[PDB]
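See structure below.
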Amino acid sequence: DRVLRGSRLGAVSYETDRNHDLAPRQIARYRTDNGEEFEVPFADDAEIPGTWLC
Amino acid sequence: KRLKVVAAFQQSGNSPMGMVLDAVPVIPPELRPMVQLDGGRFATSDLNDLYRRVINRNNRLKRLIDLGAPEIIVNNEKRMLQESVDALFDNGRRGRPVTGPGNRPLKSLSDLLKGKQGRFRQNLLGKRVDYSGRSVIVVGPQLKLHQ
Amino acid sequence: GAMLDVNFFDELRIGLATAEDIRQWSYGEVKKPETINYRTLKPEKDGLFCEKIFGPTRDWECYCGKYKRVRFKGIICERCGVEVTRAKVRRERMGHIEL
Amino acid sequence: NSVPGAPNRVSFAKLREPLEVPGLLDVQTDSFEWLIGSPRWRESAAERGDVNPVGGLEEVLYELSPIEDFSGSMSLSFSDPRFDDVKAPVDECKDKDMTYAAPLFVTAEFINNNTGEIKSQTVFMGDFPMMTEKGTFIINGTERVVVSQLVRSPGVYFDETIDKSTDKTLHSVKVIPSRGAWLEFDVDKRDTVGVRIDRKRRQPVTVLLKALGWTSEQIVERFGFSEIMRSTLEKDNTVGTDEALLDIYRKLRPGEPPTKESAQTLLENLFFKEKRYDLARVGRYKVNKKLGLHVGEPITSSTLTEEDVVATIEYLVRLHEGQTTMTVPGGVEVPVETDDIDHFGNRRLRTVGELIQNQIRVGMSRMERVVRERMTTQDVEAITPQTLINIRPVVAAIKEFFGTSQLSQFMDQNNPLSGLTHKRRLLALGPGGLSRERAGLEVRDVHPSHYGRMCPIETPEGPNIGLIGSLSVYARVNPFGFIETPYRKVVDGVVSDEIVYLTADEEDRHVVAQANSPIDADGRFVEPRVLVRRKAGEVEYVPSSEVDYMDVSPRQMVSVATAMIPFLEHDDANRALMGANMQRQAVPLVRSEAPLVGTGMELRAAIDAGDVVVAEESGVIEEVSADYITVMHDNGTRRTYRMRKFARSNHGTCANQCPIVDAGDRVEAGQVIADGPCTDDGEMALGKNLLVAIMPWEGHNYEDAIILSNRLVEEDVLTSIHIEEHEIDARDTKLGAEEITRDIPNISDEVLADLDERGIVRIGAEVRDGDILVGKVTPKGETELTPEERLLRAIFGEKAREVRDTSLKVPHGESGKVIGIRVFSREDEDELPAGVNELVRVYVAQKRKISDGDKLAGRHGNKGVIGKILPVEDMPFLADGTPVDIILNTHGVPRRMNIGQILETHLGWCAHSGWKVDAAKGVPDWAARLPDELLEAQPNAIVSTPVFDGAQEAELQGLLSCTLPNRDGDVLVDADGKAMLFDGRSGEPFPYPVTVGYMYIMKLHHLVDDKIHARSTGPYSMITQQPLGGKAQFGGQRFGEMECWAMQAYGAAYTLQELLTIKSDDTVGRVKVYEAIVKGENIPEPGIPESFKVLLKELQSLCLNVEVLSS
Amino acid sequence: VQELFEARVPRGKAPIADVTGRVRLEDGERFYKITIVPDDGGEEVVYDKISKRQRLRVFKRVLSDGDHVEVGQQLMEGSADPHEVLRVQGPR
Amino acid sequence: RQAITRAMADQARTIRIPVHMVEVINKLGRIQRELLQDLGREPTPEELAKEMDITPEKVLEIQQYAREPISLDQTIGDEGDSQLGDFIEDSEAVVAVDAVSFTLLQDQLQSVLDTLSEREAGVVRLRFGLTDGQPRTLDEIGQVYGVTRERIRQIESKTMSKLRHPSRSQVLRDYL
Amino acid sequence: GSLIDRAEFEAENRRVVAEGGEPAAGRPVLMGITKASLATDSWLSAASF
Ligand SMILES: [Zn+2]
């Protein structure tokens, strides 16, 4: 009956991919129990949690 | 016949410990979408059912080993997990195909490449093209040959 | 080699992938069978569509809405956990399942 | 005449067939009335075989009743199906999209065994769909026809095989049950017989007889003559009956202990416990006929039996022994021969009653499983038949048969003929029927047991040749599903009138002669050596005494749609096939003139197709209209026959019904009262009669192309009406509900002039492609805005306008008026689906005139598109100044082998100008065989040459010499059939006379506006990013593999790169191409297609590390 | 064509000669059986299950017993398997 | 029995529905089924709402929620050669004329802004966020322009008066 | 008992008749075309066949 118009649950907004200035961000080096290190780029004004699901 | 595969393993730096498998990868979700139709009639691309089966049985097995269970239940669970991963990589290969509703065999990962319906002959080689068109022809006996 | 595949290739080396290769490929261990929340119609946490693993459903939008601009690119919301970036990465980010 | 309001169509028939053409929808109607068990069926079942008049539901319930538990301590048994009235009439259901139903009621009775009670209730079994008057079903408003299916009857199928490694015959036997278990007794490469039960291994048959407890002495006494059975008797290596039983159990089961009684009951269970093995009544009758196991005892006990098994094995060993006959102890003897699986004794017809009975029975299976799951569990002396019975699997089973099965087809109608031949159609592919992937080409082939029982001409022409056939004109279905055929028996040269219907085996018993044979109307074949048909298909000149059956008529072998072809006996079978197919694809025009030259099968095929309103009882017309005929019956009562004005058919055509009777005429019981879509004064009329010329005109009629006059466009000769439906709904959402309203965001006012105050357009508005039909807006939500859009909204003061327009626009290439708008509302208390507020349908209709590209065809498979519609001036005209209408091609006639169109053309000119054969110097020679009242005929008088009692080319030659002049003394067409055609273009006469004449041609349903298509940029697919497919969407043409090989074979690499990257899948490249084309820049370099990345992610997900490398 | 390009052994496989010299034409028990006489000589190759449902090769007349043949002349009538004629008469 | 039912409600459907909603869905289905037996008619949702002591909007929400998703790979065509996935228009994709339309709109808007002066075009671009996507407000604009926010409001009022002229509006009205 | 290309069968022999000459010997075969095109060098062609 319908026209078969699909849409995934997502929004598309086309801005320009600008790379000259961004928000400044720190880097948190999380470490798991089995000696594994991972890095999460968090912003400056951002509370870094002690643990993280990597 | 055995020296074929054994020398092929010896030649390369392939380790043969990859025929057993420990971490099953997940195909990204835009390739197995749950698209909302006009009216909320959702449409899953049928890999999500096999992935849900594998996720279910693996979590139940992990719970069972955490619980401490007799050998029969754990072995039955691990056989169920093994058959689930078999269904995921090639449904209908080993014995009974995992059916869907209405007795439809679930399109596993290998069935996206096999047959005429596979990605190769249906979408990789021949593609639908834009700037196309189609009509019934009539004869043009005043045209020139390049027209 | 390539990750976004700009057109200069010579070989396509197939190879039997190991467990280290698969858990090095993926962006997170999916550990929940929940596909999409039944009411709000958004992908769940740690589910098969989870934005923490595969990326954001809306272009430059974290899940908790705290970051929404192009300027916040490549950073991760410290609450919702999603990297705020383009929504086409959900074509291209794989997950894995620790058996 | 045989029909009281028939136009007089003077026939060229020399014969006189006694059996008139039956009630052509009998194959639907009588089967469904058998399913109901209606009294009209019950009297015909009391006509013969009156001992067991049982309906379909009564049979299903009797094999269901009683139903007991695991203990047998409580039994529920049904009884007595019953029907109420229908819940709604036919046109009301067709309007409001309800299915045409009628409620079942079953008197269900529960008995308690231990204490003893009855529980007689009236269980509502479910709303049951019913066949209409005209043979069709109506499912959810759409009209559906369940098409009959051919399957092989369950029985014993003896056959021989050969081996190149042996060069000896290897016989076999396949006892096929319905829903039981197969078993075979195949002599191997050596001389050992072997039982294969349920496709197990070799397993010699003396072991199976010991599993029946038969001693080796009993085998020796039974098979003393049988050498191979003796060798397998000594070679069995297992004695002891239970010692063989454990062998059978171990081969069949393995994974189970012996537990001798469980093996003992299993062989009884697998073949003789009838809840797991049911060869049907057809099966028992066929088996008892095949082996002679029953003298006169009735068909009952539908499980197998040991007597049948031992007779099967004896029949197999005598078949390998080269025996010709065999008597069984306790039964009649039978011949010994193999069986063909294509013979129409071995291929029954599961018609619509059998199909719905099978679906009801498989519904009752799960219902009975639910009952016995429920009956044991719940408490006793509290249950009732209302408690135990869940009708939901039954009603779900019937609904999932009617909707969504490959047999319940969307009923194709774009003329009455396609409806008529879409019923009475034999199909050979379904559940349990042969699929195309397993289709053997032997089943494609006809063979001489189709004569009278099927039509070798009519079948689909694509890849489904020979699978889908059609019933004959005179065919009939036995109560077991075998296909009858009427024959006149002849007793000692006296051709009687005892028209005995015959099935295929009984046709093989006797010999059958042909109706076109010299008969003095006293029996008494003039020729002693008569053509005849033997059993295997042989044609011999048997002396005229052993002939015991004559055909009822000629054209008995042919279908309905092929019987309307004139001069059939001159065409090749390929082009007659194409004529019979493309006679089912005509569209109904707006004038619909009856054909000049026809056959006898137009009037009967129209009044049986149901698309002509027929006066039920005789009387005088009280009042005509365009909407109703109120008749006045002779005894007081009046009755209004409401019309059906401008209905849309299932393929989008006209369905008008103008009345043909006047305000004071008398009608008789059976008179045509209203010409339907493709009718004219009752008889069928699919096209128009057109003046034709057979010259090759200036290359425009090259390679089947047809040119036309402009007279057809100017005078609306070929003008179909096409009625298309559009619909949109208004359903709720998470953000509220969609709103059909006149106010549309971001829209102008000149497009909002068609709309009324509350959405939909006004009736009568002419719309174009891309116009608003239903103004319907949805709540969109709240998105962030781009800054350019934000400041433009700030500049022009327009608000955000938070609703998003997705209105119903009439799509591309569709136009025309708006006939009617039916709107259904949730507030008006209608039956909408859940969460949908307002459903509204819009019927746009146009008047498709003829054009170049439109497919045209005559009645002989001489199809072709329209090359060029010439103006009426530069078209070849006769000496009279009549311009011809179409111009065919010469080179299409001989090399296709259908000069049936040429004979039809000559006879068309004869029937058009009329004739008068001068019988003044006596009747001439050719006219003597010709019947009376055809020696003279008025101009434009219709005649009829039937299919095989045809026109006789000598008599047609004599006719064309003796036609009468037009208006002056002027004979346009000479004796050969060719006129002196002047040229319209230059003006000089053509230097040779050219065959002209009148021809019947139809407007086929392959018009251009349905077929044209183009897309620059439209939608795209979901997973891979390819463009879509089909005219419903935009879509692009499939640039498949063979196109790729052609582009490689040119060496054109760049064009192939464009076609495979930046027109389908290079997703940045598509918008870069569009931007560069519009801006006028160069076409940029293509990138990596998206489907390759999809393949790469699939291979990565299959635990194959697929890296990609530069160096 | 399809059984030729697939390089299957054909249905009507007529064996060919393997060396020059005469032959042992003999109708055995319901099928022919052929031994080849060399000219060097050496190992007389035998062909066993040549079916008498097949027909002998007619050439220039039918093949005589002890008729001198070539290195790779087709002996019966049918279709020579190209696996044989590659092995018999080299890759040329 | 409880663990089988709890696992069934948790792991049956694809879109997972919590157990109270599945309990009321099965209650609705049981009540509607019993009324289809006894009443002999599939009842109205308002009747089912009255029977389950709730509102018909709740009944329609539940009947909306019970619709399990369909398979994207089921054969759409009657001839078994096409799946449902081959007939879904991706509305989320780029319309591919809106992109070139938006780029041309950006060019025309940049031309029209370049008709203005430097302070005017700077104030407009910083007011609407053309340069960064984050539109700064009047006090920050006056801070980068050294002036009051009220002077900036005067300038913005003047430029919105200027832009509303048809001399600039004629080539921008057609972009909506 | 393996099928390798003649362009490789000769050139690899040149790599091995040097450095101590042992000639790898072989006969020409006539492989069928589905057997040929599936036993090809590039696996991406044969994967799509
Ligand atoms: Zn967030």
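We name chains A, B, ... following the order of the structure tokens; residues begin at 1 in each chain, and ligands are numbered from 1 as shown.
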
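All chain F residues having an atom within 9 Å of chain C, based on only C-alpha atoms, amount to residues 11, 14, 15, 16, 17, 18, 65, 132, 133 and 134 of chain F.
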
Just-selected residues, C-alpha atoms written as a PDB file, in the first residue's frame:
ATOM      1  CA  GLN F  11      15.119 -12.945  24.048  1.00  0.00           C
ATOM      2  CA  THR F  14      14.414  -8.353  18.020  1.00  0.00           C
ATOM      3  CA  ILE F  15      13.560  -4.946  19.450  1.00  0.00           C
ATOM      4  CA  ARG F  16      13.643  -5.927  23.100  1.00  0.00           C
ATOM      5  CA  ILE F  17      10.553  -4.963  25.080  1.00  0.00           C
ATOM      6  CA  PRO F  18      10.669  -5.007  28.898  1.00  0.00           C
ATOM      7  CA  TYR F  65       4.464  -1.931  20.007  1.00  0.00           C
ATOM      8  CA  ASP F 132      32.327  28.774  12.104  1.00  0.00           C
ATOM      9  CA  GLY F 133      28.804  27.428  12.510  1.00  0.00           C
ATOM     10  CA  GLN F 134      28.653  28.884  16.033  1.00  0.00           C
TER      11      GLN F 134
END

Residue 148 of chain F: which residues within 10 Å, counting only C-alpha atoms, same-chain residues fewer than 6 positions away excluded, as a ChimeraX atom specification? /F:138-142,154

Excluding residue 48 of chain G and residues on its chain fewer than 6 positions from it, collect all residues at most 12 Å away from it, counting only C-alpha atoms, and give them as a list in words.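 Listing them by chain and then by number gives residues 113, 114, 115, 116, 117, 118, 119, 120, 121, 122, 123, 124, 125 and 126 of chain B; 1041 and 1095 of chain D; 37, 38 and 42 of chain G.
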
Within 7 Å of chain D, which residues of chain B come that close, and what is the closest atom pair and distance in Å for each? Count only C-alpha atoms and give it as a Markdown table.
| residue | atom | partner | partner_atom | distance |
| --- | --- | --- | --- | --- |
| B:25 | CA | D:1101 | CA | 5.5 |
| B:26 | CA | D:1101 | CA | 6.2 |
| B:27 | CA | D:1101 | CA | 5.5 |
| B:30 | CA | D:1023 | CA | 6.7 |
| B:31 | CA | D:1023 | CA | 5.3 |
| B:89 | CA | D:1102 | CA | 6.8 |
| B:123 | CA | D:1091 | CA | 6.8 |
| B:124 | CA | D:1091 | CA | 6.2 |
| B:125 | CA | D:1041 | CA | 6.1 |
| B:126 | CA | D:1040 | CA | 3.9 |
| B:127 | CA | D:1039 | CA | 5.5 |
| B:128 | CA | D:1038 | CA | 4.5 |
| B:129 | CA | D:1036 | CA | 5.1 |
| B:130 | CA | D:1063 | CA | 5.1 |
| B:131 | CA | D:1016 | CA | 4.2 |
| B:132 | CA | D:1036 | CA | 5.3 |
| B:133 | CA | D:1014 | CA | 4.0 |
| B:134 | CA | D:1013 | CA | 5.1 |
| B:135 | CA | D:1012 | CA | 4.6 |
| B:136 | CA | D:853 | CA | 6.2 |
| B:137 | CA | D:853 | CA | 6.7 |
| B:138 | CA | D:867 | CA | 5.5 |
| B:139 | CA | D:867 | CA | 6.2 |
| B:141 | CA | D:699 | CA | 5.9 |

Can I get the selection written as a tab-separated table (two decimals), in the first residue's frame, with N, CA, C and O atoms?
chain	number	residue	atom	x	y	z
B	25	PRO	N	33.96	-11.31	14.77
B	25	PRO	CA	33.77	-9.90	14.45
B	25	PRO	C	32.32	-9.60	14.12
B	25	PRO	O	31.53	-10.49	13.82
B	26	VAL	N	31.98	-8.32	14.17
B	26	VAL	CA	30.62	-7.85	13.96
B	26	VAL	C	30.62	-6.92	12.76
B	26	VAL	O	31.35	-5.93	12.74
B	27	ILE	N	29.80	-7.24	11.77
B	27	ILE	CA	29.70	-6.41	10.56
B	27	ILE	C	29.01	-5.10	10.92
B	27	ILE	O	28.09	-5.11	11.75
B	30	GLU	N	25.42	-0.28	9.48
B	30	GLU	CA	24.79	0.23	8.28
B	30	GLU	C	24.74	-0.79	7.16
B	30	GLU	O	24.05	-0.56	6.17
B	31	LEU	N	25.46	-1.90	7.30
B	31	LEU	CA	25.34	-3.01	6.38
B	31	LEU	C	24.28	-4.00	6.79
B	31	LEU	O	23.88	-4.84	5.99
B	89	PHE	N	28.18	-18.06	10.00
B	89	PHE	CA	29.10	-17.97	8.88
B	89	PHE	C	28.54	-18.65	7.64
B	89	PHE	O	28.74	-18.15	6.53
B	123	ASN	N	25.86	-7.20	-7.62
B	123	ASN	CA	26.14	-5.82	-7.29
B	123	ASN	C	27.56	-5.39	-7.56
B	123	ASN	O	27.79	-4.18	-7.69
B	124	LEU	N	28.52	-6.30	-7.63
B	124	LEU	CA	29.87	-5.86	-7.92
B	124	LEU	C	30.11	-5.74	-9.42
B	124	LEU	O	30.61	-4.71	-9.88
B	125	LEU	N	29.77	-6.76	-10.19
B	125	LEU	CA	30.01	-6.71	-11.62
B	125	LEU	C	28.97	-5.86	-12.33
B	125	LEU	O	29.30	-4.83	-12.92
B	126	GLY	N	27.71	-6.26	-12.26
B	126	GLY	CA	26.64	-5.50	-12.88
B	126	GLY	C	25.99	-4.58	-11.86
B	126	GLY	O	25.60	-5.00	-10.78
B	127	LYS	N	25.87	-3.30	-12.23
B	127	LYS	CA	25.30	-2.30	-11.35
B	127	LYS	C	24.18	-1.56	-12.07
B	127	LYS	O	24.19	-1.45	-13.29
B	128	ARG	N	23.21	-1.08	-11.31
B	128	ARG	CA	22.23	-0.17	-11.88
B	128	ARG	C	22.88	1.18	-12.09
B	128	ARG	O	23.66	1.65	-11.26
B	129	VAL	N	22.58	1.82	-13.21
B	129	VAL	CA	23.29	3.03	-13.59
B	129	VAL	C	22.32	4.20	-13.68
B	129	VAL	O	21.20	4.06	-14.18
B	130	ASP	N	22.75	5.35	-13.18
B	130	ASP	CA	22.01	6.57	-13.40
B	130	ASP	C	22.22	7.04	-14.83
B	130	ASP	O	23.07	6.51	-15.55
B	131	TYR	N	21.47	8.07	-15.21
B	131	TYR	CA	21.42	8.60	-16.56
B	131	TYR	C	21.13	7.49	-17.56
B	131	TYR	O	21.82	7.31	-18.56
B	132	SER	N	20.12	6.72	-17.25
B	132	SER	CA	19.68	5.60	-18.06
B	132	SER	C	18.28	5.85	-18.55
B	132	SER	O	17.66	6.87	-18.24
B	133	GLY	N	17.76	4.90	-19.30
B	133	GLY	CA	16.42	5.02	-19.83
B	133	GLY	C	16.02	3.77	-20.57
B	133	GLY	O	16.85	2.90	-20.78
B	134	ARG	N	14.76	3.68	-20.98
B	134	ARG	CA	14.24	2.46	-21.57
B	134	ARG	C	12.96	2.78	-22.31
B	134	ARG	O	12.10	3.48	-21.79
B	135	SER	N	12.85	2.28	-23.54
B	135	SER	CA	11.59	2.37	-24.26
B	135	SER	C	11.52	1.32	-25.35
B	135	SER	O	12.53	0.80	-25.80
B	136	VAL	N	10.29	1.04	-25.78
B	136	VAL	CA	10.05	0.16	-26.90
B	136	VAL	C	10.44	0.86	-28.19
B	136	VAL	O	10.22	2.07	-28.34
B	137	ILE	N	11.06	0.13	-29.12
B	137	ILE	CA	11.63	0.73	-30.32
B	137	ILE	C	10.67	0.64	-31.49
B	137	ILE	O	9.81	-0.24	-31.56
B	138	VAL	N	10.81	1.58	-32.42
B	138	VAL	CA	10.15	1.53	-33.71
B	138	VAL	C	11.20	1.82	-34.77
B	138	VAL	O	12.27	2.35	-34.48
B	139	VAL	N	10.88	1.47	-36.00
B	139	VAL	CA	11.86	1.58	-37.07
B	139	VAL	C	11.87	3.00	-37.61
B	139	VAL	O	10.86	3.71	-37.63
B	141	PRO	N	13.11	4.66	-40.70
B	141	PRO	CA	13.71	4.57	-42.04
B	141	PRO	C	14.05	5.89	-42.71
B	141	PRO	O	14.43	5.87	-43.89

Those of chain B in DSSP strand (DSSP E), formatted as JSON, numbers by chain: {"B": [23, 24, 25, 26, 34, 35, 36, 42, 43, 44, 127, 128, 132, 133, 134]}

For residue 268 of chain D, find every residue with an atom within 12 Å (counting only C-alpha atoms), except residues of its own chain fewer than 3 positions away, and show them as a PyMOL selection string. chain D and resi 211-213+245+261-265+271-277+303-306

Using only C-alpha atoms, which residues sit within 7 Å of residue 6 of chain A once same-chain residues fewer than 2 positions away are excluded, as a ChimeraX atom specification? /A:4,8 /B:35-38 /F:88-91

Just write the chosen residues, C-alpha atoms, as a PDB file, in the first residue's frame.
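Output contents, as saved in selection.pdb:
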ATOM      1  CA  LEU A   4       8.405   1.854   0.412  1.00  0.00           C
ATOM      2  CA  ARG A   8      17.305   4.843   9.209  1.00  0.00           C
TER       3      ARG A   8
ATOM      4  CA  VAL B  35      15.410   0.783   8.817  1.00  0.00           C
ATOM      5  CA  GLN B  36      12.138   2.356   9.890  1.00  0.00           C
ATOM      6  CA  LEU B  37       9.560   2.218   7.145  1.00  0.00           C
ATOM      7  CA  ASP B  38       6.882   4.857   6.730  1.00  0.00           C
TER       8      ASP B  38
ATOM      9  CA  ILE F  88      13.654   0.645  -0.325  1.00  0.00           C
ATOM     10  CA  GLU F  89      14.360   4.264  -1.154  1.00  0.00           C
ATOM     11  CA  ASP F  90      17.031   5.634   1.153  1.00  0.00           C
ATOM     12  CA  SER F  91      15.547   8.938   2.245  1.00  0.00           C
TER      13      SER F  91
END

Neighbours of residue 74 of chain B within 10 Å (only C-alpha atoms; same-chain residues fewer than 2 positions away dropped), as a list in words?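 Final neighbour list, sorted by chain and number: residues 60, 61, 62, 64, 65, 68, 69, 70, 71, 72, 76, 77, 78, 79 and 80 of chain B.
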
Have a look at atom CA of residue 46 of chain G and atom CA of residue 26 of chain C and let me know their distance in Å, one decimal. 29.1 Å

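Applying a distance limit of 9 Å to only C-alpha atoms, the residues of chain A near chain F read residues 3, 4, 5, 6, 7, 8, 9, 10, 11, 12, 14, 15 and 18 of chain A.
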
Output the selection as a tab-separated table (two decimals), in the first residue's frame - C-alpha atoms for each residue.
chain	number	residue	atom	x	y	z
A	3	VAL	CA	5.57	3.70	-1.42
A	4	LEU	CA	8.41	1.85	0.41
A	5	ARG	CA	10.21	4.92	1.73
A	6	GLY	CA	12.91	3.88	4.14
A	7	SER	CA	14.86	5.98	6.59
A	8	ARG	CA	17.30	4.84	9.21
A	9	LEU	CA	17.06	6.59	12.56
A	10	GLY	CA	19.74	9.16	11.89
A	11	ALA	CA	20.16	12.83	11.10
A	12	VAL	CA	22.23	14.19	8.22
A	14	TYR	CA	25.84	18.94	5.80
A	15	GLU	CA	28.36	21.43	7.14
A	18	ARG	CA	36.74	22.43	8.58

With a distance cut-off of 9 Å and only C-alpha atoms, select the neighbouring residues of segment 68-76 of chain E, excluding the residue or stretch itself and same-chain residues fewer than 2 positions from it, and output the selection as a PyMOL selection string. chain E and resi 13-23+37+50+54-58+63-66+78-80+85+88-89

Atoms to include: N, CA and C atoms. Write the selected residues as a compact mmCIF listing (two decimals), in the first residue's frame.
# COMPACT_ATOMS: atom_id res chain seq x y z
N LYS E 13 32.91 -42.15 -26.94
CA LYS E 13 34.37 -42.16 -26.93
C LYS E 13 34.85 -43.30 -27.80
N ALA E 14 35.33 -42.97 -28.99
CA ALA E 14 35.94 -43.96 -29.86
C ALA E 14 37.45 -43.94 -29.65
N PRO E 15 38.06 -45.02 -29.20
CA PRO E 15 39.50 -45.02 -28.98
C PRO E 15 40.25 -44.96 -30.29
N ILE E 16 41.47 -44.45 -30.21
CA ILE E 16 42.27 -44.22 -31.40
C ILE E 16 43.45 -45.18 -31.38
N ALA E 17 44.28 -45.11 -32.40
CA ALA E 17 45.51 -45.89 -32.40
C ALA E 17 46.48 -45.33 -31.37
N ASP E 18 47.41 -46.17 -30.93
CA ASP E 18 48.51 -45.70 -30.10
C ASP E 18 49.87 -45.83 -30.76
N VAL E 19 50.00 -46.65 -31.80
CA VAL E 19 51.24 -46.78 -32.55
C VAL E 19 50.87 -47.34 -33.92
N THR E 20 51.76 -47.18 -34.89
CA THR E 20 51.53 -47.71 -36.22
C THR E 20 51.56 -49.23 -36.22
N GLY E 21 51.10 -49.80 -37.33
CA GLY E 21 51.04 -51.23 -37.50
C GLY E 21 49.62 -51.70 -37.70
N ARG E 22 49.49 -53.02 -37.79
CA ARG E 22 48.19 -53.63 -37.99
C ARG E 22 47.50 -53.82 -36.64
N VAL E 23 46.41 -54.59 -36.62
CA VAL E 23 45.49 -54.60 -35.50
C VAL E 23 44.96 -56.01 -35.28
N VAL E 37 48.74 -54.23 -33.09
CA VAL E 37 50.03 -54.81 -33.44
C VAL E 37 50.98 -53.67 -33.79
N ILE E 50 35.12 -52.20 -25.92
CA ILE E 50 34.61 -51.50 -27.08
C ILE E 50 33.25 -52.10 -27.41
N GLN E 54 28.41 -49.74 -30.79
CA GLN E 54 29.11 -48.80 -31.65
C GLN E 54 29.40 -49.44 -33.00
N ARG E 55 29.85 -48.61 -33.93
CA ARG E 55 30.19 -49.04 -35.28
C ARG E 55 31.66 -48.76 -35.54
N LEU E 56 32.28 -49.61 -36.35
CA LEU E 56 33.67 -49.40 -36.72
C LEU E 56 33.80 -48.19 -37.63
N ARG E 57 35.02 -47.66 -37.69
CA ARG E 57 35.26 -46.50 -38.54
C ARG E 57 35.34 -46.93 -39.99
N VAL E 58 34.57 -46.28 -40.83
CA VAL E 58 34.66 -46.45 -42.27
C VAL E 58 35.59 -45.38 -42.82
N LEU E 63 37.17 -50.89 -41.31
CA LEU E 63 38.49 -51.32 -40.87
C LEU E 63 38.59 -52.84 -40.93
N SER E 64 39.59 -53.33 -41.66
CA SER E 64 39.84 -54.76 -41.74
C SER E 64 40.58 -55.23 -40.50
N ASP E 65 40.52 -56.53 -40.25
CA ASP E 65 41.38 -57.11 -39.24
C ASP E 65 42.80 -57.18 -39.77
N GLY E 66 43.76 -56.74 -38.96
CA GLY E 66 45.12 -56.65 -39.43
C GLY E 66 45.34 -55.54 -40.43
N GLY E 78 33.09 -42.40 -33.44
CA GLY E 78 32.64 -41.68 -32.27
C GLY E 78 33.34 -40.34 -32.14
N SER E 79 33.81 -40.02 -30.94
CA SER E 79 34.50 -38.76 -30.69
C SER E 79 35.71 -39.04 -29.83
N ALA E 80 36.89 -38.73 -30.34
CA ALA E 80 38.11 -39.00 -29.60
C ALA E 80 38.24 -38.06 -28.42
N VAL E 85 44.44 -37.73 -27.33
CA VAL E 85 45.18 -37.30 -28.51
C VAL E 85 46.26 -36.28 -28.15
N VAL E 88 48.76 -38.92 -26.99
CA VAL E 88 49.23 -39.76 -28.09
C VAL E 88 50.08 -38.95 -29.05
N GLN E 89 49.52 -37.85 -29.57
CA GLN E 89 50.13 -37.13 -30.68
C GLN E 89 50.75 -35.81 -30.27

9 Å shell around ligand 1 using only C-alpha atoms and all ligand atoms, listed as JSON, numbers by chain: {"C": [61, 62, 63, 64, 65, 66, 67, 76, 77, 78, 79, 80, 81, 82, 83, 84]}

Can you work out which one of C:54, C:89, C:95, C:28 has the shortest atom-to-atom distance to chain A, counting only C-alpha atoms? C:28

Within 12 Å of chain E: each chain D residue with its shortest pair, only C-alpha atoms, as JSON lines:
{"residue": "D:164", "atom": "CA", "partner": "E:51", "partner_atom": "CA", "distance": 9.9}
{"residue": "D:165", "atom": "CA", "partner": "E:49", "partner_atom": "CA", "distance": 10.3}
{"residue": "D:166", "atom": "CA", "partner": "E:30", "partner_atom": "CA", "distance": 11.5}
{"residue": "D:167", "atom": "CA", "partner": "E:53", "partner_atom": "CA", "distance": 10.1}
